[PDB]
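Novice: opening piece of a complex, kept in its complex position:
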Amino acid sequence: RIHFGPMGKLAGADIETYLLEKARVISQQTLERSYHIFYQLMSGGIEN
């Protein structure tokens, strides 16, 4: 839900969420990947 002000310009946004695949985290079926955030943290993260 995108929100707009009195005169013209933007005021904010209300976003809900329906489901998530929490089931997959154990073993995914074929050629899928698990949640993107992971791979990112693995490769980009420094030695520290």
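Specialist: Looks like it came in fine. Numbering: from 1, shown residues only, chains lettered A, B, ... in the order given.
Novice: could you say which helix or strand holds the residue of chain A positioned farthest from its centre?
Specialist: Each residue of chain A has a distance to the centre, and by CA atoms, centre = their mean the biggest one is for residue A:7: 31.9 Å. Taking DSSP states H and E as the definition, residue A:7 sits outside all helices and strands.
Novice: could you tell me the end-to-end distance of stretch A:35-48?
Specialist: Its first and final residues considered, stretch A:35-48 spans 23 Å by CA to CA, to the nearest Å.
Novice: from the chain's centre, how far out does that stretch sit?
Specialist: Offset of stretch A:35-48 from its chain centre (CA atoms, centre = their mean, to the nearest Å): 15 Å.
Novice: with stretch A:7-26 instead?
Specialist: 8 Å.
Novice: could you do stretch A:15-30 as well?
Specialist: The mean C-alpha position of stretch A:15-30 is separated from the chain mean by 11 Å, CA atoms, centre = their mean.
Novice: in it, what's buried?
Specialist: By neighbour count, with 16 or more other CB atoms under 10 Å as the criterion, stretch A:15-30 contains no buried position. For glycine as for every other residue, the C-beta is placed from the backbone atoms N, C-alpha and C.
Novice: what's that stretch in contact with?
Specialist: Contacting residues not belonging to stretch A:15-30 are listed as A:1, A:32, A:34, A:35 [CB atoms under 8 Å, 6 or more residues apart in numbering].
Novice: go ahead and place chain B:
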Amino acid sequence: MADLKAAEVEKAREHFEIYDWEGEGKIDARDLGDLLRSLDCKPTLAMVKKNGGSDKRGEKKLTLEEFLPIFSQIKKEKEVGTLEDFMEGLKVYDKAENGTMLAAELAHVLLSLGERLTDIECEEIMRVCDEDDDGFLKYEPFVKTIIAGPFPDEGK
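Specialist: One more piece, chain B, placed on the ones above:
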């Protein structure tokens, strides 16, 4: 025929001598716009370019000897406008016989067709108004302040 009176020649000289920012006695073809406007003839940019004027800056320079055969042509125009055309015009908004006008609906008409005003000028046109919500101006005090100018009785 028509030609310029001693008083008019002084009005034209004063304003021209002000517009000499360079120190050489000349005006730009762009500056032809607001110069005539201060001289109190009200034109379109169409009227300005019609007598040799510019969108751009840095195009042609005109002397007073050029400028006066501009001004003495300009004086011929009759259709300047009154109040009552604008009343008739701005009444068309109505839907319920109230003469009242919502703020968005009123900025939009200023922006959209014509020579046009900017976002910025609309922020300034709103500035005088204060403390009316959801959110109504009115056609009669509006037009009258436009014709009255920047300092009617009050003025900020």
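Novice: can you check the buried residues of stretch A:15-30 again with chain B included?
Specialist: Within stretch A:15-30, no residue qualifies as buried by neighbour count (16 or more other CB atoms under 10 Å in any protein chain shown).
Novice: cool, stretch B:70-78 as well?
Specialist: For stretch B:70-78, the buried set under the neighbour-count rule, 16+ other CB under 10 Å, comprises B:70, B:71, B:74.
Novice: try stretch B:126-133
Specialist: Along stretch B:126-133, not one residue counts as buried under the neighbour rule (16+ other CB under 10 Å).
Novice: which other residues reach that stretch?
Specialist: The set of residues external to stretch B:126-133 that reach it, using CB atoms under 8 Å, 6 or more residues apart in numbering or on different chains, is A:7, B:103, B:107, B:137, B:145, B:156.
Novice: just the buried residues out of these, in ChimeraX syntax.
Specialist: Those of the contacts of stretch B:126-133 that count as buried under 16+ other CB under 10 Å are selected in ChimeraX with:
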select /B:103,107,137
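Novice: which SS class is the residue of chain B most remote from its centre?
Specialist: Of all residues in chain B, the one whose C-alpha sits farthest from the chain's mean C-alpha position, using CA atoms, centre = their mean, is residue B:96 at 31.8 Å. Look at residue B:96: counting by DSSP: H, G, I helix; E, B strand; the rest coil, its state is coil.
Novice: ok, now how distant is it from residue B:134?
Specialist: Shown here: residue B:96 relative to residue B:134, a distance of 16 Å by CB to CB, to the nearest Å.
Novice: if I pick the nearest residue to residue B:103 once chain neighbours are set aside, what's in contact with it?
Specialist: Sequence neighbours aside, residue B:135 is the residue nearest to residue B:103 in space, at 4.4 Å (criterion: CB to CB, 6 or more residues apart in numbering or on different chains). Residue B:135 makes contacts with A:6, B:102, B:103, B:104, as judged by CB under 8 Å, 6+ apart.
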